[PDB]
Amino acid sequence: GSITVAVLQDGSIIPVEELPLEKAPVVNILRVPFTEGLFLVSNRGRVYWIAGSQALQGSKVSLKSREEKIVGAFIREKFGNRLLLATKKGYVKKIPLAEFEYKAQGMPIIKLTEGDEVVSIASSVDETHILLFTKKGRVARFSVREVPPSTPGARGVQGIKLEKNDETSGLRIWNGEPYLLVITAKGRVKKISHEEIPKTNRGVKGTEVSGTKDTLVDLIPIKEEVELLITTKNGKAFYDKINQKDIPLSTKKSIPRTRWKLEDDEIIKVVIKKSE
């Protein structure tokens, strides 16, 4: 069979209908078949995994480091053969799953420079662009081939040159989609053409797109319609369906408008659940 679980930032894995009132924020919600592997990647670049009904009924992975938190989760058998990691300081690494899958709990898969941490992960897709974006709204866009595949001990490569006081927020794969949805932490959104962001080599300063001082939390490619799971600092996890027609076309200069009314709450993760 299968069980649908929430994965939380503290390494908890809990059936979604059994989430308690007091909890760490949600990272993802996944329907996990009992025969498949659920993988968690932390901000320290460490990998954890569980499988089977007993574990899915309730678990908490034993993190290896003080202040470690989970920054992504995926089902192996529903993921690509290469993993991308993005770091706070603007590094990006590409590593085949075969290098680390189903090995010791807590295995490190990226050498992190001083003060750095993994902020996000993605399933790599060949012949696409990486969009690597910052809290203050800069986006570097470059071919996925500029990040060579490597083995666990590698650092990866500099994807974006950060201005002082900025940090990398996340990474997305772009594969032909006409538009991007800019999503800010306070629930504001705008739709822009992908052409607003020129493709360059890696390591550039990037193009300003957010149009606000509010933190840029994601940049969602869209062709006609996406469905998104959105999670927040105060413990929400909600689902929304967005057709590109229902958002006016705005440019990289436009101020994003409120879509989700979240008061003192903030969005921390967006997960693409459907895209057509």
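The first residue of the sequence shown is number 1, and the count goes up from there.
For the segment pair 211-219 and 53-61, the entry gives 53-61 the higher mean B-factor, averaged over Cα atoms.
The mean Cα B-factor in the deposited entry runs higher for 198-206 than for the other of 198-206 and 171-179. Of the residues listed, 44, 241, 236, 66, the entry assigns the biggest Cα temperature factor to 66. Residue-level inspection of the entry shows that, of 247, 70, 26, 230, 247 has the top Cα B-factor. The entry lists a Cα temperature factor for residue 93 that places it in the lowest third of the chain's modelled residues. Ranked by Cα temperature factor within the chain, residue 32 sits in the highest third according to the deposited record.
Residue-level temperature factors show residue 22 in the middle third of its chain, judged at the C-alpha atom. Compared with the other modelled residues of the chain, the Cα B-factor recorded for residue 271 ranks in the lowest third.
Split the chain's modelled residues into thirds by C-alpha temperature factor. Residue 8 is in the lowest one.
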